[PDB]
Every structure is written in structure tokens, then in C-alpha cells.
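Participant: Take a look at this one; I'll ask things after.
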Amino acid sequence: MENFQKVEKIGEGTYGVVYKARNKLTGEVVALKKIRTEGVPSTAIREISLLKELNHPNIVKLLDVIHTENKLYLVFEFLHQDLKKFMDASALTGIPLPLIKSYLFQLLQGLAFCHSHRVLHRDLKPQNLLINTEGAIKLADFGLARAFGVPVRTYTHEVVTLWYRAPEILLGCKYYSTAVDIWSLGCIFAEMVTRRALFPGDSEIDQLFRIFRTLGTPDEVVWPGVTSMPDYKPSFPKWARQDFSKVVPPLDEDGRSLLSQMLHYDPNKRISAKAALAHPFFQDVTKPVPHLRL
Ligand SMILES: NC(=O)c1cc([N+](=O)[O-])c(Cl)cc1NCc1cc(F)c(F)c(F)c1
């Protein structure tokens, strides 16, 4: 590394390999993501560079965009653990409700900030939510999707997770809205509560049908325009909706109410991050200290 000192290979994300590195100068520890191929659109580097200006306590800071030797590196502030690992570690006992609430509240603040600045995430999942010992949780990878449209997969044979994809994306809609992030966060909220993924689809159609089996096959009544979506087929089976009391037990009515608003089929009826923050579910929100083993 011309300037860094690779500590370890954290992983291999959807846009390239990730390393924990120490800036031999500043001495700071950061996450270095090497972006995928043989050109790199200058349009992307400009859009990405804009993301450097985004500053919010619940958004992982993009410290630098390095375009040298014709390669693309993203330098991010470092956090020791992601929500996926934390949920696994908390599987036996479950994440306490007060902490689930704190995390959801913080993530909505982060989304409200991004959305008011016209930035969408598009690929929220537990792995993209980072946490620290102080009880904070932050969104990682905001805006990278748009600055790269949709490259389908990661870069080198790796099963793309569809579990958190909004139905409008699954139905072929070409224009994503802020609502896709609320849907993903709703799925994550449910998973923290039940300790099981809400919609663990194994294919795009299995994903769509798992959603339909739980929330009911959508129709023009609940989702005006759904039958005209690019990938909608009149041959879709028609399943009846289940009750939330059965979907995320034993979550209370405040929680079920908020979740139901985050999972409305019509992107336009789906609650905004701003509005969700005012929901009664957050009346008693606090900021608990999580039990992190690093
Ligand atoms: N900003 C970041 O801090 C970070 C970034 C990316 N990434 O995509 O650019 C990834 Cl993957 C993991 C990250 N940390 C969480 C983490 C740190 C570890 F040190 C570790 F071992 C682990 F599993 C998870």
C-alpha cells in the first residue's frame, strides 16, 4: 500500500474486497474497499465524491475516494461489527426490545437524513449496518448503488441476498424510490424481533412468492398499478394475507403497527423515515449499551 498498512481482510463485499487498514500517517484505522473493472465511469467517481459531504451520526463516514493507478478505493470510518454478526451472537437470548428500538430509531434517523438529501441506499441488509460499543448503529454503503445503477451481482461468483428487496424492485420497476429502503429496514426490524429472516427467498420468484404468502398477493385495491408492473404475471397464485400477530410474535401492537406501515405494498403508502420517527412505538425509546464481544 502506497500509504496504507493492511491489517486484515475484513471480507469480500458486493463491490469488491474489503480490508481493515491503518493509515501509516494519521495512524487511523479504516475500512478500505477496493472497487471492481477496466474503465471505471468518471460519472461514478463524481457522484461518489459527493457522498463524502454526507455527515450524520448514523451514516458510516466516507473518508476518501481514491482514483489512482486507474483503480477505485473507498476509505470508510471503521466499526468493529455488523448487525448480522450481532444478531447471530444474540440468537439464543434475542436482542432486548429496548436495543432493537434504539437501533431502529437510529437507522430511521440515518435514512431520514439520506432521503432528505436525495440519497437512496437500495441494498440495506444486516451486513450493511455497523455497530459500536457506544450503542450506535450506522448505515454503510449509501449512494453506492445509484452511482453504479445495478451491476446484478457482486463481482466474483457470490449469491446475492434478495431477502430485503422491496416488491416493486422484484416486479421489475425501473425507478426506485426512498420507499425501497423503508421496506428493507422493515424486514430487518422483523428479523431482530423474531430472530429469523422474514422473507428468506432462494430466487427472485421464491422471494416474491414468500412475500405474497405472508402479506397476500397484491391487487389493484391495495396497490394501484401493480398489474401493470414489468414483471407482473396474471398467473401469479393468489394467496390470502396473514395477520401480523402471526408474523412477528410476540411484538406488541405499537411495533406491529409501525412494521405494517413499513411493509405496505404500494411504495406511496409506505411510511417515510421522517413519519416513522414520530410513531408511538418510539415514545419510550432510549439508547442502551449493547453487550459486544470483539
Ligand atoms: N466500515 C467498516 O468498518 C466496514 C466496512 C466494510 N466494507 O464492506 O467496506 C465491511 Cl465488510 C466491514 C466493516 N466493518 C465491520 C467488520 C469489521 C471487522 F474487522 C470484521 F472482522 C468484520 F467481520 C466486520
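Here, A, B, ... name the chains of the C-alpha cells in the order displayed, residue numbers run from 1 inside each chain, and ligands are numbered from 1 in the same displayed order.
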If you run DSSP over the backbone, which residues in segment 36-147 of chain A end up strand (DSSP E or B)? Put them as JSON, numbers by chain.

Facilitator: {"A": [59, 62, 63, 64, 65, 66, 67, 68, 71, 72, 73, 74, 75, 76, 77, 81, 82, 129, 130, 131, 137, 138, 139]}

Participant: Show me a table, sorted first by chain and then by increasing residue number, of the residues of chain A having an atom at most 6 Å from ligand 1, each with its shortest atom pair and the distance in Å to one decimal, counting only C-alpha atoms and all ligand atoms and written as JSON lines.

Facilitator:
{"residue": "A:10", "atom": "CA", "partner": "ligand 1", "partner_atom_place_in_ligand_line": "21 (F)", "distance": 4.7}
{"residue": "A:11", "atom": "CA", "partner": "ligand 1", "partner_atom_place_in_ligand_line": "11 (Cl)", "distance": 5.1}
{"residue": "A:13", "atom": "CA", "partner": "ligand 1", "partner_atom_place_in_ligand_line": "8 (O)", "distance": 5.2}
{"residue": "A:18", "atom": "CA", "partner": "ligand 1", "partner_atom_place_in_ligand_line": "9 (O)", "distance": 5.1}
{"residue": "A:31", "atom": "CA", "partner": "ligand 1", "partner_atom_place_in_ligand_line": "2 (C)", "distance": 4.9}
{"residue": "A:33", "atom": "CA", "partner": "ligand 1", "partner_atom_place_in_ligand_line": "9 (O)", "distance": 4.9}
{"residue": "A:76", "atom": "CA", "partner": "ligand 1", "partner_atom_place_in_ligand_line": "1 (N)", "distance": 5.1}
{"residue": "A:77", "atom": "CA", "partner": "ligand 1", "partner_atom_place_in_ligand_line": "1 (N)", "distance": 5.3}
{"residue": "A:78", "atom": "CA", "partner": "ligand 1", "partner_atom_place_in_ligand_line": "3 (O)", "distance": 3.5}
{"residue": "A:79", "atom": "CA", "partner": "ligand 1", "partner_atom_place_in_ligand_line": "3 (O)", "distance": 3.9}
{"residue": "A:80", "atom": "CA", "partner": "ligand 1", "partner_atom_place_in_ligand_line": "17 (C)", "distance": 4.3}
{"residue": "A:81", "atom": "CA", "partner": "ligand 1", "partner_atom_place_in_ligand_line": "15 (C)", "distance": 4.3}
{"residue": "A:82", "atom": "CA", "partner": "ligand 1", "partner_atom_place_in_ligand_line": "15 (C)", "distance": 5.2}

Participant: Of the residues A:6, A:138, A:20, A:122, which is the one nearest to residue 57 of chain A, using only C-alpha atoms?

Facilitator: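 Once distances to residue 57 of chain A are computed over only C-alpha atoms, the minimum belongs to A:138.
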
Participant: How close does each residue of segment 68-137 of chain A get to segment 182-188 of chain A, giving the shortest atom pair and distance in Å to one decimal for every residue with an atom at most 7 Å away, counting only C-alpha atoms, sorted by chain and residue number, as a tab-separated table?

Facilitator:
residue	atom	partner	partner_atom	distance
A:124	CA	A:184	CA	5.9
A:125	CA	A:184	CA	6.9
A:126	CA	A:188	CA	6.8

Participant: Kindly indicate which residue among A:64, A:9, A:56, A:38 lies nearest to residue 23 of chain A, using only C-alpha atoms for the distances.

Facilitator: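 Looking at the shortest contact to residue 23 of chain A, the residue is A:64.
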
Participant: Write out as an mmCIF file with C-alpha atoms, in the first residue's frame each polymer residue whose atoms come within 8 Å of segment 219-236 of chain A, counting only C-alpha atoms; drop sequence neighbours fewer than 6 positions from it.

Facilitator:
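Contents of the output file selection_15.cif:
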data_model
loop_
_atom_site.group_PDB
_atom_site.id
_atom_site.type_symbol
_atom_site.label_atom_id
_atom_site.label_comp_id
_atom_site.auth_asym_id
_atom_site.auth_seq_id
_atom_site.Cartn_x
_atom_site.Cartn_y
_atom_site.Cartn_z
ATOM 1 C CA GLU A 168 -41.557 -3.114 -6.658
ATOM 2 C CA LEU A 170 -38.806 -7.662 -7.705
ATOM 3 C CA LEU A 171 -41.643 -6.770 -10.085
ATOM 4 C CA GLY A 172 -39.248 -5.015 -12.437
ATOM 5 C CA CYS A 173 -39.850 -1.369 -11.619
ATOM 6 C CA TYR A 265 -47.106 -2.895 -0.879
ATOM 7 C CA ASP A 266 -47.719 0.480 -2.535
#

Participant: I'd like a table as a Markdown table: residues in segment 139-175 of chain A with an atom no more than 10 Å from segment 111-116 of chain A, each row giving the shortest atom pair and its distance in Å to one decimal, only C-alpha atoms counted, sorted by chain and rising residue number.

Facilitator:
| residue | atom | partner | partner_atom | distance |
| --- | --- | --- | --- | --- |
| A:139 | CA | A:111 | CA | 8.2 |
| A:142 | CA | A:114 | CA | 7.8 |
| A:143 | CA | A:114 | CA | 8.8 |

Participant: Between atom CA of residue 181 of chain A and atom CA of residue 128 of chain A, what distance in Å does the model show, to one decimal?

Facilitator: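 Computed distance, atom CA of residue 181 of chain A to atom CA of residue 128 of chain A, equals 12.3 Å.
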
Participant: Residues within 10 Å of segment 207-212 of chain A, please, as a count of residues only. Count only C-alpha atoms; anything in the same chain fewer than 6 positions from it doesn't count.

Facilitator: 25

Participant: List every residue of segment 164-293 of chain A that DSSP, applied to the backbone, labels as alpha helix (DSSP H), and write the result as number ranges by chain.

Facilitator: A: 167-170, 179-194, 204-215, 244-247, 253-262, 273-277

Participant: Take the residues from that selection and write them out as a CSV table (one decimal), in the first residue's frame, keeping C-alpha atoms.

Facilitator:
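Listing of again02.csv after writing:
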chain,number,residue,atom,x,y,z
A,167,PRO,CA,-41.6,-5.9,-4.1
A,168,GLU,CA,-41.6,-3.1,-6.7
A,169,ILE,CA,-37.9,-4.0,-7.4
A,170,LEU,CA,-38.8,-7.7,-7.7
A,179,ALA,CA,-39.6,3.6,-0.1
A,180,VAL,CA,-37.3,0.7,-1.0
A,181,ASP,CA,-35.1,1.5,2.0
A,182,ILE,CA,-38.1,1.6,4.4
A,183,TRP,CA,-39.1,-1.9,3.1
A,184,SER,CA,-35.7,-3.3,3.7
A,185,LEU,CA,-35.5,-1.8,7.2
A,186,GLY,CA,-38.9,-3.2,8.0
A,187,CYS,CA,-37.6,-6.6,7.0
A,188,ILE,CA,-34.6,-6.1,9.3
A,189,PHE,CA,-36.8,-4.9,12.2
A,190,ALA,CA,-38.9,-8.1,11.9
A,191,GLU,CA,-35.7,-10.2,11.9
A,192,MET,CA,-34.3,-8.6,15.0
A,193,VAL,CA,-37.6,-9.3,16.8
A,194,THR,CA,-38.2,-13.0,15.7
A,204,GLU,CA,-36.3,-13.8,-7.3
A,205,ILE,CA,-39.6,-15.6,-7.7
A,206,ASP,CA,-39.3,-17.5,-4.5
A,207,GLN,CA,-38.6,-14.1,-2.8
A,208,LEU,CA,-41.7,-12.6,-4.4
A,209,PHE,CA,-43.9,-15.6,-3.5
A,210,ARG,CA,-42.7,-15.7,0.1
A,211,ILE,CA,-43.8,-12.0,0.4
A,212,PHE,CA,-47.1,-12.9,-1.2
A,213,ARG,CA,-47.7,-15.9,1.0
A,214,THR,CA,-47.4,-13.7,4.1
A,215,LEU,CA,-48.8,-10.3,3.1
A,244,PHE,CA,-49.0,-9.6,11.8
A,245,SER,CA,-49.8,-11.2,15.1
A,246,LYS,CA,-48.6,-14.4,13.5
A,247,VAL,CA,-45.7,-12.8,11.6
A,253,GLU,CA,-49.3,-3.6,18.7
A,254,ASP,CA,-47.1,-0.4,18.6
A,255,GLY,CA,-44.4,-2.4,16.9
A,256,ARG,CA,-46.8,-4.4,14.7
A,257,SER,CA,-48.5,-1.1,13.6
A,258,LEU,CA,-45.2,0.5,12.6
A,259,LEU,CA,-44.0,-2.6,10.8
A,260,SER,CA,-47.2,-2.9,8.9
A,261,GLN,CA,-46.7,0.7,7.7
A,262,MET,CA,-43.1,0.0,6.6
A,273,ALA,CA,-38.5,7.6,7.6
A,274,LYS,CA,-39.4,11.0,9.0
A,275,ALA,CA,-43.0,10.0,9.7
A,276,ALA,CA,-41.9,6.6,11.2
A,277,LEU,CA,-39.7,8.5,13.8

Participant: Pick the closest to residue 159 of chain A from A:107, A:283, A:202, A:137: which is it, counting only C-alpha atoms?

Facilitator: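 Answer, going by the shortest atom-to-atom distance: A:202.
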
Participant: Go through A:101, A:121, A:52, A:34 one by one, measure the shortest atom-to-atom distance of each to residue 285 of chain A using only C-alpha atoms, and give the residue with the smallest value.

Facilitator: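 Closest residue, counting only C-alpha atoms: A:101.
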
Participant: Looking at only C-alpha atoms, which of A:46, A:24, A:264, A:85 is the one that sits closest to residue 216 of chain A?

Facilitator: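 With only C-alpha atoms as the atom set, the closest residue is A:264.
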
Participant: With only C-alpha atoms as the basis for distance, which of A:39, A:195, A:27, A:22 is at the shortest distance from residue 92 of chain A?

Facilitator: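 Nearest to residue 92 of chain A: A:195.
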